[PDB]
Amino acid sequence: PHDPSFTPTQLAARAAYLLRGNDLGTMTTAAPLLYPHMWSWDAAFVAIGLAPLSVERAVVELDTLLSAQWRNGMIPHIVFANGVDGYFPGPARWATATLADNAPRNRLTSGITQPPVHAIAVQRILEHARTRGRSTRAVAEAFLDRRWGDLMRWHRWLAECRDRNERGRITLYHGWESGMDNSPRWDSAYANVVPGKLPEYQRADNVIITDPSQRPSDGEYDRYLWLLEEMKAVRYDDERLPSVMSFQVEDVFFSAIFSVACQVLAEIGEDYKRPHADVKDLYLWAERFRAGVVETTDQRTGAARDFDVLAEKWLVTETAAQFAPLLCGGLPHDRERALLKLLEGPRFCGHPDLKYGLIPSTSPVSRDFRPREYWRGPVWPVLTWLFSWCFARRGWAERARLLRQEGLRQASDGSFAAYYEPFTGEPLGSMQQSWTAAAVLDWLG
């Protein structure tokens, strides 16, 4: 009644209880109702949240994700659970098992990718394992032995097939690959997707999630599905995709994450005596994509811009993706101070109506802002976690601590919502979201 918040220990217990409840055996669902399968970057966050509970089970999560890796290195964004339906588009719609020569054997997966946060999860598992003694270190190190080459092939497929022109930015062929499906970032690119006649479909996500204010519209999923048809018509061939996709964007946030991931993976490889050629490639990619992120930035504010490859125009929007350069580094001193000022000022974390000092997914003063609508305004604990972890790595200890502290306060209701209304703090969307429990577990220490 008077205080619906949970104590830190009650909150940690409930978060761990949620993670174990979402565990199907070898994979954790992204969320029981809305997302009853394994999602790629949710799984990396899940592995971080499991690392304080069981290094063995955190490793199993990544082991299961990488068993679904495509022949060519791509980590698909969904690994479908054995016979679980409920979700759409499902494996039948994707048809990767019969169409894609690179699809894995005895996993059903999607045909698209998602951001490479996995090296970060590996670092956190390693750091936990080193606090727990010899046998737990053995587990983490045996994992590195098993999966280092798979991780390299993941990073190499991004660097060679989604940055074909060595521009230092990752090209996406669907907004789902950004992790921020309905972000204002992609409105103008989706606006140029004109679909033909697409096979008949019954939407599945809105049956469970009632409120249309906290879900995407019906015109969105028509184009969302047309892109799937385009990929199918070329059997998900990497060499043919540029010739046919009606959606081709360089995602600057995805690219900054990849830069950071490369640097983290490189330092792991140094510490664990991995092949020198692998470490050298990872440092080369880290620097290339740092450079590719900085090339997009506004000269006065430092704001990073996405790039629409088909239209050949910078996508200028006011979302949290503008702060990509803060994650990977590389901006000139003055331009970075300018970007921190934007982050902390009234267009983002300093907006006077915000309940928490946290980063809204879209600026409240932007014309595209919708306080309830996924990535068009709400605050996402997973973004708070990622910014706070990257800020700590830049040496911004106090900024990272402020994000953690406000993130823990917002999460203390124990809804483990995927996102929160930025003004009222109302939990929104799916409750029971695995990666919000994971963020809380990693924060609480």
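One-based numbering along the sequence shown.
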Within the set of other compared PDB entries, does residue 206 lack a model in a third or more?
yes
Looking at the entry, does 137-145 or 210-218 show the higher mean C-alpha B-factor?
210-218
Decide which of the stretches 63-71 and 383-391 has the higher mean C-alpha B-factor, going by the entry.
63-71
Selection from 84, 293, 151, 326 [criterion: highest C-alpha temperature factor in the record]
84
Identify, among 78, 233, 265, 252, the residue whose C-alpha carries the highest B-factor in the deposited PDB entry.
233
Record-listed C-alpha B factor of residue 336: chain third
lowest
Residue 31: CA B-factor among chain residues, third -> middle
According to the PDB entry, is the CA B factor of residue 88 in the bottom, middle or top third of its chain, that is, lowest, middle or highest?
highest
Quick check for you: using the entry's CA B-factors within this chain, is residue 432 in the lowest, middle or highest third?
middle
Relative to the other modelled residues in the chain, which third contains the C-alpha temperature factor of residue 113: lowest, middle or highest?
middle
